[PDB]
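See below for upload-v3.pdb, which holds PDB, C-alpha atoms.
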```
ATOM      1  CA  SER A   8       0.000   0.000   0.000
ATOM      2  CA  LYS A   9       0.937   3.358  -0.269
ATOM      3  CA  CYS A  10       2.693   4.581   2.870
ATOM      4  CA  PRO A  11       2.754   8.388   2.499
ATOM      5  CA  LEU A  12       5.232   8.688   5.412
ATOM      6  CA  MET A  13       7.972   6.346   6.625
ATOM      7  CA  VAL A  14      10.740   6.876   9.225
ATOM      8  CA  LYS A  15      14.135   5.100   9.199
ATOM      9  CA  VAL A  16      16.600   5.396  12.108
ATOM     10  CA  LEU A  17      20.224   4.282  12.026
ATOM     11  CA  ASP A  18      22.911   3.984  14.736
ATOM     12  CA  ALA A  19      26.301   5.426  13.844
ATOM     13  CA  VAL A  20      28.067   3.972  16.882
ATOM     14  CA  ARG A  21      27.178   0.376  16.082
ATOM     15  CA  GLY A  22      26.650   0.477  12.284
ATOM     16  CA  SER A  23      23.125  -0.944  12.491
ATOM     17  CA  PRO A  24      19.461   0.019  12.364
ATOM     18  CA  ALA A  25      18.241   1.723  15.551
ATOM     19  CA  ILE A  26      15.694  -0.815  16.805
ATOM     20  CA  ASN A  27      12.781  -0.125  19.132
ATOM     21  CA  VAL A  28      13.211   3.666  19.106
ATOM     22  CA  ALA A  29       9.943   5.414  20.031
ATOM     23  CA  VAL A  30       8.745   7.886  17.446
ATOM     24  CA  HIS A  31       5.837  10.301  17.897
ATOM     25  CA  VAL A  32       4.349  12.283  15.011
ATOM     26  CA  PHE A  33       2.287  15.415  15.663
ATOM     27  CA  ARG A  34       0.272  17.719  13.452
ATOM     28  CA  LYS A  35       0.218  21.459  14.169
ATOM     29  CA  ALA A  36      -3.316  22.394  15.161
ATOM     30  CA  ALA A  37      -5.093  25.726  14.693
ATOM     31  CA  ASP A  38      -4.272  27.017  18.159
ATOM     32  CA  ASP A  39      -0.702  26.502  17.056
ATOM     33  CA  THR A  40      -0.188  23.567  19.363
ATOM     34  CA  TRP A  41       0.855  20.030  18.504
ATOM     35  CA  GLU A  42      -1.814  17.337  18.405
ATOM     36  CA  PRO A  43      -0.697  13.708  18.525
ATOM     37  CA  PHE A  44      -1.072  12.174  15.084
ATOM     38  CA  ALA A  45       0.668   8.753  14.912
ATOM     39  CA  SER A  46       3.359   6.858  16.834
ATOM     40  CA  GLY A  47       5.180   3.542  17.007
ATOM     41  CA  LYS A  48       8.512   1.846  17.647
ATOM     42  CA  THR A  49      11.064   1.178  14.900
ATOM     43  CA  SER A  50      11.247  -2.467  13.835
ATOM     44  CA  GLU A  51      14.322  -4.690  13.553
ATOM     45  CA  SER A  52      15.286  -2.951  10.317
ATOM     46  CA  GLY A  53      15.119   0.416  12.051
ATOM     47  CA  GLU A  54      11.914   1.308  10.209
ATOM     48  CA  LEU A  55       8.442   2.500  11.037
ATOM     49  CA  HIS A  56       5.690   2.068   8.479
ATOM     50  CA  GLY A  57       1.914   2.377   8.511
ATOM     51  CA  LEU A  58       1.952   5.663  10.452
ATOM     52  CA  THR A  59      -0.858   7.169   8.414
ATOM     53  CA  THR A  60      -2.848   6.775   5.199
ATOM     54  CA  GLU A  61      -3.002   8.996   2.149
ATOM     55  CA  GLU A  62      -6.515  10.161   3.051
ATOM     56  CA  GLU A  63      -5.517  11.378   6.507
ATOM     57  CA  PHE A  64      -2.099  12.781   5.600
ATOM     58  CA  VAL A  65      -3.254  16.216   4.443
ATOM     59  CA  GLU A  66      -1.133  19.323   3.873
ATOM     60  CA  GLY A  67       0.009  20.895   7.112
ATOM     61  CA  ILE A  68       2.962  21.198   9.471
ATOM     62  CA  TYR A  69       4.164  17.972  10.991
ATOM     63  CA  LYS A  70       6.648  17.271  13.753
ATOM     64  CA  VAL A  71       8.447  13.914  13.953
ATOM     65  CA  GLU A  72       9.952  13.409  17.397
ATOM     66  CA  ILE A  73      12.424  10.590  17.868
ATOM     67  CA  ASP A  74      13.207   9.511  21.418
ATOM     68  CA  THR A  75      16.988   9.288  21.099
ATOM     69  CA  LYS A  76      17.704   9.775  24.785
ATOM     70  CA  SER A  77      16.005   6.511  25.876
ATOM     71  CA  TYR A  78      17.767   4.685  23.035
ATOM     72  CA  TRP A  79      21.280   5.703  24.199
ATOM     73  CA  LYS A  80      20.464   5.185  27.875
ATOM     74  CA  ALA A  81      19.489   1.567  27.029
ATOM     75  CA  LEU A  82      22.924   1.092  25.583
ATOM     76  CA  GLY A  83      24.519   2.660  28.666
ATOM     77  CA  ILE A  84      25.683   5.755  26.762
ATOM     78  CA  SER A  85      24.979   9.268  28.088
ATOM     79  CA  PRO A  86      23.599  11.261  25.148
ATOM     80  CA  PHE A  87      23.470  15.028  24.625
ATOM     81  CA  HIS A  88      20.011  15.536  23.130
ATOM     82  CA  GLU A  89      16.671  15.147  24.845
ATOM     83  CA  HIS A  90      15.259  13.947  21.494
ATOM     84  CA  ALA A  91      15.615  14.551  17.730
ATOM     85  CA  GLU A  92      12.754  16.578  16.178
ATOM     86  CA  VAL A  93      12.100  17.052  12.454
ATOM     87  CA  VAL A  94       9.541  19.787  11.662
ATOM     88  CA  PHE A  95       8.359  20.153   8.099
ATOM     89  CA  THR A  96       5.413  21.117   5.910
ATOM     90  CA  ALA A  97       3.693  18.412   3.860
ATOM     91  CA  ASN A  98       2.737  19.793   0.437
ATOM     92  CA  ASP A  99       0.439  18.294  -2.241
ATOM     93  CA  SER A 100       2.323  18.901  -5.505
ATOM     94  CA  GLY A 101       1.982  15.708  -7.468
ATOM     95  CA  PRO A 102       1.892  12.385  -5.594
ATOM     96  CA  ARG A 103       4.573  11.814  -2.973
ATOM     97  CA  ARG A 104       6.003   9.467  -0.376
ATOM     98  CA  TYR A 105       8.076  10.983   2.440
ATOM     99  CA  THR A 106      10.924   9.127   4.091
ATOM    100  CA  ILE A 107      12.430  10.861   7.136
ATOM    101  CA  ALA A 108      15.824   9.236   7.883
ATOM    102  CA  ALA A 109      17.869   9.957  11.036
ATOM    103  CA  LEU A 110      21.451   8.884  11.780
ATOM    104  CA  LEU A 111      22.256   8.982  15.500
ATOM    105  CA  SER A 112      25.377   9.421  17.604
ATOM    106  CA  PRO A 113      25.443  10.317  21.330
ATOM    107  CA  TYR A 114      26.418  13.940  20.653
ATOM    108  CA  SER A 115      25.232  14.401  17.104
ATOM    109  CA  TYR A 116      22.434  13.455  14.718
ATOM    110  CA  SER A 117      21.746  14.092  11.063
ATOM    111  CA  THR A 118      18.325  13.934   9.432
ATOM    112  CA  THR A 119      17.452  13.880   5.720
ATOM    113  CA  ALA A 120      14.144  13.778   3.837
ATOM    114  CA  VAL A 121      13.834  11.628   0.726
ATOM    115  CA  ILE A 122      10.697  12.618  -1.234
ATOM    116  CA  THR A 123       9.720  10.150  -3.990
ATOM    117  CA  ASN A 124       6.809   9.531  -6.385
TER     118      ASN A 124
ATOM    119  CA  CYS B  10      30.980  32.212  26.570
ATOM    120  CA  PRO B  11      29.002  29.383  28.093
ATOM    121  CA  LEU B  12      26.890  29.047  24.938
ATOM    122  CA  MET B  13      27.926  29.522  21.355
ATOM    123  CA  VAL B  14      26.270  28.548  18.046
ATOM    124  CA  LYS B  15      28.119  27.927  14.758
ATOM    125  CA  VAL B  16      26.208  27.376  11.486
ATOM    126  CA  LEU B  17      27.747  26.212   8.187
ATOM    127  CA  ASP B  18      26.229  25.995   4.680
ATOM    128  CA  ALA B  19      26.982  22.695   2.883
ATOM    129  CA  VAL B  20      25.746  23.941  -0.502
ATOM    130  CA  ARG B  21      28.113  26.941  -0.711
ATOM    131  CA  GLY B  22      31.000  25.769   1.466
ATOM    132  CA  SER B  23      30.785  28.782   3.749
ATOM    133  CA  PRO B  24      29.543  30.006   7.107
ATOM    134  CA  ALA B  25      25.758  30.523   7.220
ATOM    135  CA  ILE B  26      25.524  34.270   7.794
ATOM    136  CA  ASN B  27      22.596  36.120   9.309
ATOM    137  CA  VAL B  28      20.692  33.013  10.439
ATOM    138  CA  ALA B  29      18.285  33.884  13.260
ATOM    139  CA  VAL B  30      18.694  31.731  16.387
ATOM    140  CA  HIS B  31      16.231  31.740  19.315
ATOM    141  CA  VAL B  32      17.040  30.006  22.610
ATOM    142  CA  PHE B  33      14.355  28.965  25.082
ATOM    143  CA  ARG B  34      14.475  27.461  28.579
ATOM    144  CA  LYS B  35      11.853  25.051  29.908
ATOM    145  CA  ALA B  36      10.030  26.923  32.662
ATOM    146  CA  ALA B  37       8.466  25.585  35.841
ATOM    147  CA  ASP B  38       5.143  25.099  34.055
ATOM    148  CA  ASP B  39       6.537  22.906  31.297
ATOM    149  CA  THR B  40       6.421  25.760  28.797
ATOM    150  CA  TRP B  41       9.309  27.195  26.836
ATOM    151  CA  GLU B  42      10.288  30.681  27.971
ATOM    152  CA  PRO B  43      12.402  32.940  25.700
ATOM    153  CA  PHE B  44      16.013  32.966  26.916
ATOM    154  CA  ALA B  45      18.147  34.762  24.296
ATOM    155  CA  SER B  46      18.265  35.333  20.545
ATOM    156  CA  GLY B  47      20.600  36.653  17.904
ATOM    157  CA  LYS B  48      21.898  36.377  14.363
ATOM    158  CA  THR B  49      24.968  34.547  13.124
ATOM    159  CA  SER B  50      27.802  36.836  12.119
ATOM    160  CA  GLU B  51      29.967  36.811   9.018
ATOM    161  CA  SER B  52      31.921  33.811  10.317
ATOM    162  CA  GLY B  53      28.659  31.953  10.994
ATOM    163  CA  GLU B  54      29.028  32.281  14.762
ATOM    164  CA  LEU B  55      26.755  33.591  17.462
ATOM    165  CA  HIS B  56      28.390  34.723  20.688
ATOM    166  CA  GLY B  57      27.225  36.706  23.701
ATOM    167  CA  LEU B  58      23.931  34.839  24.079
ATOM    168  CA  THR B  59      24.269  34.482  27.866
ATOM    169  CA  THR B  60      26.576  34.737  30.874
ATOM    170  CA  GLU B  61      27.730  32.025  33.247
ATOM    171  CA  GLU B  62      25.533  33.583  35.932
ATOM    172  CA  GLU B  63      22.331  33.472  33.954
ATOM    173  CA  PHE B  64      22.969  30.094  32.303
ATOM    174  CA  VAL B  65      21.567  27.900  35.084
ATOM    175  CA  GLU B  66      20.823  24.141  34.984
ATOM    176  CA  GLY B  67      17.767  23.445  32.834
ATOM    177  CA  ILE B  68      16.436  22.078  29.555
ATOM    178  CA  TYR B  69      17.185  24.464  26.716
ATOM    179  CA  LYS B  70      15.999  24.557  23.151
ATOM    180  CA  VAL B  71      18.140  26.152  20.432
ATOM    181  CA  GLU B  72      15.980  26.794  17.330
ATOM    182  CA  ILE B  73      17.822  27.798  14.157
ATOM    183  CA  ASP B  74      15.664  29.460  11.508
ATOM    184  CA  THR B  75      16.856  27.475   8.552
ATOM    185  CA  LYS B  76      13.810  28.085   6.374
ATOM    186  CA  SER B  77      14.290  31.870   6.081
ATOM    187  CA  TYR B  78      17.933  31.265   5.385
ATOM    188  CA  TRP B  79      17.294  28.966   2.376
ATOM    189  CA  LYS B  80      14.341  31.065   1.238
ATOM    190  CA  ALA B  81      16.549  34.177   1.030
ATOM    191  CA  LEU B  82      18.848  32.120  -1.245
ATOM    192  CA  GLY B  83      15.949  31.137  -3.572
ATOM    193  CA  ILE B  84      15.610  27.568  -2.347
ATOM    194  CA  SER B  85      12.476  26.122  -0.770
ATOM    195  CA  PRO B  86      13.830  23.812   1.951
ATOM    196  CA  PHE B  87      12.213  20.788   3.613
ATOM    197  CA  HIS B  88      12.484  21.780   7.270
ATOM    198  CA  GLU B  89      10.707  24.615   9.035
ATOM    199  CA  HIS B  90      13.753  25.002  11.319
ATOM    200  CA  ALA B  91      16.427  22.967  13.105
ATOM    201  CA  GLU B  92      15.859  22.497  16.875
ATOM    202  CA  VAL B  93      18.461  21.148  19.344
ATOM    203  CA  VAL B  94      16.972  20.305  22.819
ATOM    204  CA  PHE B  95      19.263  19.388  25.692
ATOM    205  CA  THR B  96      19.875  19.506  29.407
ATOM    206  CA  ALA B  97      22.649  21.910  30.352
ATOM    207  CA  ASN B  98      24.905  22.296  33.394
ATOM    208  CA  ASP B  99      23.390  19.433  35.366
ATOM    209  CA  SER B 100      26.840  18.662  36.744
ATOM    210  CA  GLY B 101      28.265  22.180  37.095
ATOM    211  CA  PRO B 102      28.779  24.765  34.391
ATOM    212  CA  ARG B 103      30.274  23.758  31.023
ATOM    213  CA  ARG B 104      30.931  25.666  27.765
ATOM    214  CA  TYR B 105      28.682  24.335  24.977
ATOM    215  CA  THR B 106      29.208  24.865  21.251
ATOM    216  CA  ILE B 107      26.182  23.807  19.154
ATOM    217  CA  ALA B 108      27.280  23.444  15.500
ATOM    218  CA  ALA B 109      24.816  22.932  12.613
ATOM    219  CA  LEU B 110      25.658  21.996   9.010
ATOM    220  CA  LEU B 111      22.832  22.878   6.621
ATOM    221  CA  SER B 112      21.519  21.538   3.302
ATOM    222  CA  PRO B 113      18.068  22.138   1.811
ATOM    223  CA  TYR B 114      16.755  18.645   2.659
ATOM    224  CA  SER B 115      19.135  17.674   5.421
ATOM    225  CA  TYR B 116      20.902  19.048   8.470
ATOM    226  CA  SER B 117      23.291  17.654  11.020
ATOM    227  CA  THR B 118      23.952  19.032  14.467
ATOM    228  CA  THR B 119      26.782  18.369  16.897
ATOM    229  CA  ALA B 120      27.582  19.612  20.398
ATOM    230  CA  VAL B 121      31.155  20.174  21.578
ATOM    231  CA  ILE B 122      31.339  20.436  25.384
ATOM    232  CA  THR B 123      34.259  21.983  27.279
ATOM    233  CA  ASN B 124      34.875  22.057  31.018
ATOM    234  CA  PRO B 125      35.416  25.663  32.143
TER     235      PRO B 125
END
```

Before we go any further, please render this structure as structure tokens.
Amino acid sequence: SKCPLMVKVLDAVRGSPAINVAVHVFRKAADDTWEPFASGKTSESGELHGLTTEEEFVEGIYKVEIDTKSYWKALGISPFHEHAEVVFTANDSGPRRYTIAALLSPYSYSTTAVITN
Amino acid sequence: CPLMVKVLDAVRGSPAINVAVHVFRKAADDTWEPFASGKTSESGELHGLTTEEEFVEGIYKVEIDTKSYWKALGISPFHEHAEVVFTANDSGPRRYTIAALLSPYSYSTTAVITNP
């Protein structure tokens, strides 16, 4: 099916997918506050699918919050960040799939968006 | 300087100049209160945000306005902004450098921590 939004999390310390990381997605509401939208835990391949459907994923401002702090603490590593947040606008401009990827280290993270048809 | 921000542009191979940065501190009531703000200089650095006295233990949020920066260059970027949220000075005062490397659809952030 078409998954309009997927998240992929990788671990730069161990060279593997970041498994069981909690991810919360929010949608910016009218009052300019964040309403919970979807959530889950990355799988064994460091992925999280089925967050939403095309009908529900309308244009708007979304926040993807990745709980990196609990992931490093589970490994016994003291991390710097409270969490990693990706805030973006979803735009209808031809059909699209969004992949938010995050690469984690204790004191650093990178995030990239891969938008495909 | 207990807190300094450095922003680089990965598309042009230069410092990211005139990027607005807003810092907030989590207040008692779980809300973010405005702590300091500024613009990156010609070398892509932002100094003088706070003093050791004012920079108490707490959860801080450094929000870098990356969208305006790319928009002023003619590029429509993916992210609304880059946010770095962290606990500071929970074991005594430190000097924190938050560095950000920017691209239109990607950003990376690192912290370099120094003991006074």

With the file shown as input, list the residues that the ChimeraX specification (/B :<8) & /A selects, as a ChimeraX atom specification.
/A:87-96,114-121

Restricting it to C-alpha atoms, dump the selection as a PDB file, in the frame of the given file.
```pdb
ATOM      1  CA  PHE A  87      23.470  15.028  24.625  1.00  0.00           C
ATOM      2  CA  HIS A  88      20.011  15.536  23.130  1.00  0.00           C
ATOM      3  CA  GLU A  89      16.671  15.147  24.845  1.00  0.00           C
ATOM      4  CA  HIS A  90      15.259  13.947  21.494  1.00  0.00           C
ATOM      5  CA  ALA A  91      15.615  14.551  17.730  1.00  0.00           C
ATOM      6  CA  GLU A  92      12.754  16.578  16.178  1.00  0.00           C
ATOM      7  CA  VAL A  93      12.100  17.052  12.454  1.00  0.00           C
ATOM      8  CA  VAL A  94       9.541  19.787  11.662  1.00  0.00           C
ATOM      9  CA  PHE A  95       8.359  20.153   8.099  1.00  0.00           C
ATOM     10  CA  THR A  96       5.413  21.117   5.910  1.00  0.00           C
ATOM     11  CA  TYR A 114      26.418  13.940  20.653  1.00  0.00           C
ATOM     12  CA  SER A 115      25.232  14.401  17.104  1.00  0.00           C
ATOM     13  CA  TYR A 116      22.434  13.455  14.718  1.00  0.00           C
ATOM     14  CA  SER A 117      21.746  14.092  11.063  1.00  0.00           C
ATOM     15  CA  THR A 118      18.325  13.934   9.432  1.00  0.00           C
ATOM     16  CA  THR A 119      17.452  13.880   5.720  1.00  0.00           C
ATOM     17  CA  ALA A 120      14.144  13.778   3.837  1.00  0.00           C
ATOM     18  CA  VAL A 121      13.834  11.628   0.726  1.00  0.00           C
TER      19      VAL A 121
END
```

Identify all residues satisfying the PyMOL selection byres ((chain A and resi 21-25) around 9) in the given file; provide them as a PyMOL selection string.
chain A and resi 15-20+26-28+49-54+78+110-111

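Considering all atoms listed in the file, the residue among A:36, A:109, A:45, A:14 positioned nearest to residue 63 (chain A) is A:45.
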
If I put a ball of radius 10 Å at (0.0, 23.5, 8.5) in the file's coordinates, which residues poke into it when counting all atoms listed in the file, written as an MDAnalysis selection string?
chainID A and resid 34:37 39 65:69 95:98

May I have the residues from that selection written out with C-alpha atoms, as a PDB file, in the coordinates of the input?
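Here's the written file again.pdb:
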```pdb
ATOM      1  CA  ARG A  34       0.272  17.719  13.452  1.00  0.00           C
ATOM      2  CA  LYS A  35       0.218  21.459  14.169  1.00  0.00           C
ATOM      3  CA  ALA A  36      -3.316  22.394  15.161  1.00  0.00           C
ATOM      4  CA  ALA A  37      -5.093  25.726  14.693  1.00  0.00           C
ATOM      5  CA  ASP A  39      -0.702  26.502  17.056  1.00  0.00           C
ATOM      6  CA  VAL A  65      -3.254  16.216   4.443  1.00  0.00           C
ATOM      7  CA  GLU A  66      -1.133  19.323   3.873  1.00  0.00           C
ATOM      8  CA  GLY A  67       0.009  20.895   7.112  1.00  0.00           C
ATOM      9  CA  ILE A  68       2.962  21.198   9.471  1.00  0.00           C
ATOM     10  CA  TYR A  69       4.164  17.972  10.991  1.00  0.00           C
ATOM     11  CA  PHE A  95       8.359  20.153   8.099  1.00  0.00           C
ATOM     12  CA  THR A  96       5.413  21.117   5.910  1.00  0.00           C
ATOM     13  CA  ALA A  97       3.693  18.412   3.860  1.00  0.00           C
ATOM     14  CA  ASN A  98       2.737  19.793   0.437  1.00  0.00           C
TER      15      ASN A  98
END
```

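CA of residue 24 (chain B) to CA of residue 67 (chain B) spans 29.0 Å [interatomic distance, one decimal].
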
Give me the residues near region 30-32 of chain B as a JSON list (two decimals) with C-alpha atoms, in the frame of the given file, where near means some atom within 9 Å (using all atoms listed in the file) and where sequence neighbours in that chain fewer than 2 positions away do not count.
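And here's around01.json as it stands now:
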```json
[["chain", "number", "residue", "atom", "x", "y", "z"],
["B", 14, "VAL", "CA", 26.27, 28.55, 18.05],
["B", 28, "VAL", "CA", 20.69, 33.01, 10.44],
["B", 34, "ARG", "CA", 14.48, 27.46, 28.58],
["B", 42, "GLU", "CA", 10.29, 30.68, 27.97],
["B", 43, "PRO", "CA", 12.40, 32.94, 25.70],
["B", 44, "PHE", "CA", 16.01, 32.97, 26.92],
["B", 45, "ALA", "CA", 18.15, 34.76, 24.30],
["B", 46, "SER", "CA", 18.26, 35.33, 20.54],
["B", 47, "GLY", "CA", 20.60, 36.65, 17.90],
["B", 48, "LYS", "CA", 21.90, 36.38, 14.36],
["B", 49, "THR", "CA", 24.97, 34.55, 13.12],
["B", 55, "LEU", "CA", 26.76, 33.59, 17.46],
["B", 58, "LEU", "CA", 23.93, 34.84, 24.08],
["B", 69, "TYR", "CA", 17.18, 24.46, 26.72],
["B", 70, "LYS", "CA", 16.00, 24.56, 23.15],
["B", 71, "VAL", "CA", 18.14, 26.15, 20.43],
["B", 72, "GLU", "CA", 15.98, 26.79, 17.33],
["B", 73, "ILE", "CA", 17.82, 27.80, 14.16],
["B", 74, "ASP", "CA", 15.66, 29.46, 11.51]]
```
